[PDB]
Number of protein chains: 2
Amino acid sequence: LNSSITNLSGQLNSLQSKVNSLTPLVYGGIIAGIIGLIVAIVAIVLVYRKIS
Amino acid sequence: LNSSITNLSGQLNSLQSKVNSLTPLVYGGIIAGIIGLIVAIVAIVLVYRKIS
């Protein structure tokens, strides 16, 4: 049982490590999709005002 | 073995808050990035359309 729990705590620790190595990666990654949305939007706007 | 179980549960609960604050936010980030990509691709065509 003891071996079972030790390895188990171990896997949790480990998956928190995947998610916390992921933490700055997924934030930067959100931050690139959101600037993409806004920079795309401000460029469409500026082309759309002069075609219309 | 008891104290280790209570700590496992604690750490699990922490990490479940973490990933449940991730999964919507990361979806929203991904939604914003694909939409930004739509807007940008449609901007490409409209600058291409208006020079022609």
# chains A, B, ... in the order shown; residues from 1 in each chain; ligands from 1

$ interface_residues --of "chain B" --to "chain A" --cutoff "9 Å" --atoms "only C-alpha atoms" --output "PyMOL selection string"
chain B and resi 1+4-5+7-8+11-12+15+18-19+22+25-26+28-44+46-47+50

$ calpha_fit_and_write --fixed "chain B" --moving "chain A" --output "PDB file with N, CA and C atoms, in the first residue's frame"
ATOM      1  N   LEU A   1       1.589   7.575   6.737  1.00  0.00           N
ATOM      2  CA  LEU A   1       1.073   7.278   5.415  1.00  0.00           C
ATOM      3  C   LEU A   1      -0.199   7.928   5.084  1.00  0.00           C
ATOM      4  N   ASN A   2      -1.094   7.961   6.102  1.00  0.00           N
ATOM      5  CA  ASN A   2      -2.384   8.535   6.032  1.00  0.00           C
ATOM      6  C   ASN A   2      -2.376  10.033   5.804  1.00  0.00           C
ATOM      7  N   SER A   3      -1.502  10.742   6.543  1.00  0.00           N
ATOM      8  CA  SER A   3      -1.248  12.139   6.337  1.00  0.00           C
ATOM      9  C   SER A   3      -0.749  12.329   4.921  1.00  0.00           C
ATOM     10  N   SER A   4       0.184  11.461   4.432  1.00  0.00           N
ATOM     11  CA  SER A   4       0.790  11.524   3.118  1.00  0.00           C
ATOM     12  C   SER A   4      -0.256  11.445   2.072  1.00  0.00           C
ATOM     13  N   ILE A   5      -1.192  10.476   2.113  1.00  0.00           N
ATOM     14  CA  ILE A   5      -2.221  10.363   1.157  1.00  0.00           C
ATOM     15  C   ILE A   5      -3.206  11.406   1.199  1.00  0.00           C
ATOM     16  N   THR A   6      -3.505  11.973   2.404  1.00  0.00           N
ATOM     17  CA  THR A   6      -4.518  12.991   2.538  1.00  0.00           C
ATOM     18  C   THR A   6      -4.122  14.229   1.826  1.00  0.00           C
ATOM     19  N   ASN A   7      -2.869  14.706   2.094  1.00  0.00           N
ATOM     20  CA  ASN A   7      -2.209  15.835   1.455  1.00  0.00           C
ATOM     21  C   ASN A   7      -2.045  15.592  -0.025  1.00  0.00           C
ATOM     22  N   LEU A   8      -1.764  14.350  -0.436  1.00  0.00           N
ATOM     23  CA  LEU A   8      -1.556  14.023  -1.837  1.00  0.00           C
ATOM     24  C   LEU A   8      -2.838  14.212  -2.676  1.00  0.00           C
ATOM     25  N   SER A   9      -4.036  13.745  -2.102  1.00  0.00           N
ATOM     26  CA  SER A   9      -5.390  13.753  -2.725  1.00  0.00           C
ATOM     27  C   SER A   9      -5.721  15.168  -2.888  1.00  0.00           C
ATOM     28  N   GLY A  10      -5.298  15.924  -1.811  1.00  0.00           N
ATOM     29  CA  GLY A  10      -5.401  17.354  -1.703  1.00  0.00           C
ATOM     30  C   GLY A  10      -4.738  18.111  -2.787  1.00  0.00           C
ATOM     31  N   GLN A  11      -3.493  17.733  -3.161  1.00  0.00           N
ATOM     32  CA  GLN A  11      -2.782  18.375  -4.249  1.00  0.00           C
ATOM     33  C   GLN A  11      -3.422  18.067  -5.607  1.00  0.00           C
ATOM     34  N   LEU A  12      -3.928  16.817  -5.839  1.00  0.00           N
ATOM     35  CA  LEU A  12      -4.571  16.436  -7.062  1.00  0.00           C
ATOM     36  C   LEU A  12      -5.781  17.254  -7.331  1.00  0.00           C
ATOM     37  N   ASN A  13      -6.658  17.457  -6.294  1.00  0.00           N
ATOM     38  CA  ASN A  13      -7.908  18.183  -6.194  1.00  0.00           C
ATOM     39  C   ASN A  13      -7.668  19.588  -6.553  1.00  0.00           C
ATOM     40  N   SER A  14      -6.564  20.037  -5.996  1.00  0.00           N
ATOM     41  CA  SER A  14      -6.117  21.387  -6.160  1.00  0.00           C
ATOM     42  C   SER A  14      -5.724  21.640  -7.653  1.00  0.00           C
ATOM     43  N   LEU A  15      -4.917  20.763  -8.351  1.00  0.00           N
ATOM     44  CA  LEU A  15      -4.359  20.868  -9.694  1.00  0.00           C
ATOM     45  C   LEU A  15      -5.548  20.719 -10.661  1.00  0.00           C
ATOM     46  N   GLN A  16      -6.568  19.910 -10.315  1.00  0.00           N
ATOM     47  CA  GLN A  16      -7.824  19.821 -11.097  1.00  0.00           C
ATOM     48  C   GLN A  16      -8.550  21.200 -11.016  1.00  0.00           C
ATOM     49  N   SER A  17      -8.514  21.854  -9.852  1.00  0.00           N
ATOM     50  CA  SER A  17      -9.012  23.219  -9.665  1.00  0.00           C
ATOM     51  C   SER A  17      -8.236  24.242 -10.491  1.00  0.00           C
ATOM     52  N   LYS A  18      -6.868  24.136 -10.621  1.00  0.00           N
ATOM     53  CA  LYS A  18      -6.145  25.014 -11.471  1.00  0.00           C
ATOM     54  C   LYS A  18      -6.589  24.806 -12.854  1.00  0.00           C
ATOM     55  N   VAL A  19      -6.736  23.506 -13.286  1.00  0.00           N
ATOM     56  CA  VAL A  19      -7.069  23.232 -14.672  1.00  0.00           C
ATOM     57  C   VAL A  19      -8.511  23.630 -14.975  1.00  0.00           C
ATOM     58  N   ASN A  20      -9.449  23.563 -13.965  1.00  0.00           N
ATOM     59  CA  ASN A  20     -10.892  23.954 -14.174  1.00  0.00           C
ATOM     60  C   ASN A  20     -11.195  25.346 -13.984  1.00  0.00           C
ATOM     61  N   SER A  21     -10.326  26.165 -13.308  1.00  0.00           N
ATOM     62  CA  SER A  21     -10.401  27.609 -13.389  1.00  0.00           C
ATOM     63  C   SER A  21      -9.856  28.108 -14.711  1.00  0.00           C
ATOM     64  N   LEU A  22      -8.842  27.384 -15.193  1.00  0.00           N
ATOM     65  CA  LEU A  22      -8.256  27.450 -16.514  1.00  0.00           C
ATOM     66  C   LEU A  22      -9.185  27.061 -17.656  1.00  0.00           C
ATOM     67  N   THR A  23     -10.152  26.121 -17.433  1.00  0.00           N
ATOM     68  CA  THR A  23     -10.984  25.611 -18.485  1.00  0.00           C
ATOM     69  C   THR A  23     -11.730  26.675 -19.275  1.00  0.00           C
ATOM     70  N   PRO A  24     -12.601  27.559 -18.737  1.00  0.00           N
ATOM     71  CA  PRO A  24     -13.183  28.690 -19.463  1.00  0.00           C
ATOM     72  C   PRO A  24     -12.110  29.742 -19.925  1.00  0.00           C
ATOM     73  N   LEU A  25     -11.002  29.905 -19.129  1.00  0.00           N
ATOM     74  CA  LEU A  25     -10.020  30.855 -19.552  1.00  0.00           C
ATOM     75  C   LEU A  25      -9.326  30.367 -20.807  1.00  0.00           C
ATOM     76  N   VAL A  26      -8.857  29.099 -20.896  1.00  0.00           N
ATOM     77  CA  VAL A  26      -8.141  28.568 -22.032  1.00  0.00           C
ATOM     78  C   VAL A  26      -9.130  28.439 -23.179  1.00  0.00           C
ATOM     79  N   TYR A  27     -10.399  28.110 -23.003  1.00  0.00           N
ATOM     80  CA  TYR A  27     -11.341  28.145 -24.139  1.00  0.00           C
ATOM     81  C   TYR A  27     -11.611  29.388 -24.783  1.00  0.00           C
ATOM     82  N   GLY A  28     -11.794  30.494 -23.940  1.00  0.00           N
ATOM     83  CA  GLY A  28     -12.002  31.875 -24.442  1.00  0.00           C
ATOM     84  C   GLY A  28     -10.811  32.343 -25.185  1.00  0.00           C
ATOM     85  N   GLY A  29      -9.621  31.954 -24.670  1.00  0.00           N
ATOM     86  CA  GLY A  29      -8.309  32.204 -25.108  1.00  0.00           C
ATOM     87  C   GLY A  29      -8.075  31.546 -26.408  1.00  0.00           C
ATOM     88  N   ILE A  30      -8.513  30.270 -26.575  1.00  0.00           N
ATOM     89  CA  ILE A  30      -8.490  29.646 -27.945  1.00  0.00           C
ATOM     90  C   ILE A  30      -9.385  30.329 -28.895  1.00  0.00           C
ATOM     91  N   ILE A  31     -10.548  30.751 -28.373  1.00  0.00           N
ATOM     92  CA  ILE A  31     -11.599  31.324 -29.177  1.00  0.00           C
ATOM     93  C   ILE A  31     -11.110  32.733 -29.750  1.00  0.00           C
ATOM     94  N   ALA A  32     -10.403  33.563 -28.961  1.00  0.00           N
ATOM     95  CA  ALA A  32      -9.706  34.786 -29.416  1.00  0.00           C
ATOM     96  C   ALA A  32      -8.555  34.584 -30.444  1.00  0.00           C
ATOM     97  N   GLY A  33      -7.679  33.557 -30.261  1.00  0.00           N
ATOM     98  CA  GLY A  33      -6.720  33.235 -31.357  1.00  0.00           C
ATOM     99  C   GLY A  33      -7.406  32.779 -32.635  1.00  0.00           C
ATOM    100  N   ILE A  34      -8.483  31.892 -32.587  1.00  0.00           N
ATOM    101  CA  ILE A  34      -9.149  31.477 -33.779  1.00  0.00           C
ATOM    102  C   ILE A  34      -9.979  32.514 -34.540  1.00  0.00           C
ATOM    103  N   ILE A  35     -10.797  33.427 -33.879  1.00  0.00           N
ATOM    104  CA  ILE A  35     -11.419  34.570 -34.530  1.00  0.00           C
ATOM    105  C   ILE A  35     -10.339  35.492 -35.117  1.00  0.00           C
ATOM    106  N   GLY A  36      -9.229  35.699 -34.391  1.00  0.00           N
ATOM    107  CA  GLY A  36      -8.091  36.476 -34.899  1.00  0.00           C
ATOM    108  C   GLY A  36      -7.603  35.995 -36.224  1.00  0.00           C
ATOM    109  N   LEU A  37      -7.440  34.670 -36.439  1.00  0.00           N
ATOM    110  CA  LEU A  37      -7.051  33.938 -37.640  1.00  0.00           C
ATOM    111  C   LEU A  37      -8.000  34.149 -38.751  1.00  0.00           C
ATOM    112  N   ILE A  38      -9.299  34.030 -38.491  1.00  0.00           N
ATOM    113  CA  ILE A  38     -10.369  34.203 -39.475  1.00  0.00           C
ATOM    114  C   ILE A  38     -10.651  35.616 -39.852  1.00  0.00           C
ATOM    115  N   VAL A  39     -10.637  36.567 -38.935  1.00  0.00           N
ATOM    116  CA  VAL A  39     -10.825  37.978 -39.220  1.00  0.00           C
ATOM    117  C   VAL A  39      -9.611  38.551 -39.917  1.00  0.00           C
ATOM    118  N   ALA A  40      -8.452  38.029 -39.627  1.00  0.00           N
ATOM    119  CA  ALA A  40      -7.247  38.489 -40.302  1.00  0.00           C
ATOM    120  C   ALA A  40      -7.223  38.032 -41.809  1.00  0.00           C
ATOM    121  N   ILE A  41      -7.677  36.742 -42.010  1.00  0.00           N
ATOM    122  CA  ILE A  41      -7.751  36.040 -43.254  1.00  0.00           C
ATOM    123  C   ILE A  41      -8.758  36.675 -44.183  1.00  0.00           C
ATOM    124  N   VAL A  42      -9.990  36.965 -43.683  1.00  0.00           N
ATOM    125  CA  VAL A  42     -10.958  37.654 -44.515  1.00  0.00           C
ATOM    126  C   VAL A  42     -10.635  39.115 -44.960  1.00  0.00           C
ATOM    127  N   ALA A  43      -9.874  39.836 -44.095  1.00  0.00           N
ATOM    128  CA  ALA A  43      -9.291  41.142 -44.421  1.00  0.00           C
ATOM    129  C   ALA A  43      -8.128  41.120 -45.380  1.00  0.00           C
ATOM    130  N   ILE A  44      -7.212  40.171 -45.264  1.00  0.00           N
ATOM    131  CA  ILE A  44      -6.104  39.977 -46.211  1.00  0.00           C
ATOM    132  C   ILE A  44      -6.714  39.699 -47.531  1.00  0.00           C
ATOM    133  N   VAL A  45      -7.747  38.839 -47.652  1.00  0.00           N
ATOM    134  CA  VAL A  45      -8.378  38.404 -48.844  1.00  0.00           C
ATOM    135  C   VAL A  45      -8.944  39.554 -49.598  1.00  0.00           C
ATOM    136  N   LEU A  46      -9.671  40.402 -48.857  1.00  0.00           N
ATOM    137  CA  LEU A  46     -10.305  41.534 -49.414  1.00  0.00           C
ATOM    138  C   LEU A  46      -9.264  42.554 -49.837  1.00  0.00           C
ATOM    139  N   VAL A  47      -8.095  42.695 -49.121  1.00  0.00           N
ATOM    140  CA  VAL A  47      -7.136  43.648 -49.676  1.00  0.00           C
ATOM    141  C   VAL A  47      -6.431  43.061 -50.889  1.00  0.00           C
ATOM    142  N   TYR A  48      -6.159  41.752 -50.816  1.00  0.00           N
ATOM    143  CA  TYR A  48      -5.347  40.969 -51.825  1.00  0.00           C
ATOM    144  C   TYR A  48      -6.054  40.883 -53.170  1.00  0.00           C
ATOM    145  N   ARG A  49      -7.402  40.960 -53.144  1.00  0.00           N
ATOM    146  CA  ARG A  49      -8.128  40.797 -54.420  1.00  0.00           C
ATOM    147  C   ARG A  49      -7.926  42.107 -55.137  1.00  0.00           C
ATOM    148  N   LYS A  50      -8.062  43.264 -54.481  1.00  0.00           N
ATOM    149  CA  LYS A  50      -7.907  44.533 -55.169  1.00  0.00           C
ATOM    150  C   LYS A  50      -6.450  45.044 -55.493  1.00  0.00           C
ATOM    151  N   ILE A  51      -5.354  44.608 -54.750  1.00  0.00           N
ATOM    152  CA  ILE A  51      -3.941  44.840 -55.115  1.00  0.00           C
ATOM    153  C   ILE A  51      -3.552  43.966 -56.265  1.00  0.00           C
ATOM    154  N   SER A  52      -4.224  42.767 -56.422  1.00  0.00           N
ATOM    155  CA  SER A  52      -3.912  41.878 -57.562  1.00  0.00           C
ATOM    156  C   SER A  52      -5.052  42.065 -58.624  1.00  0.00           C
TER     157      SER A  52
END
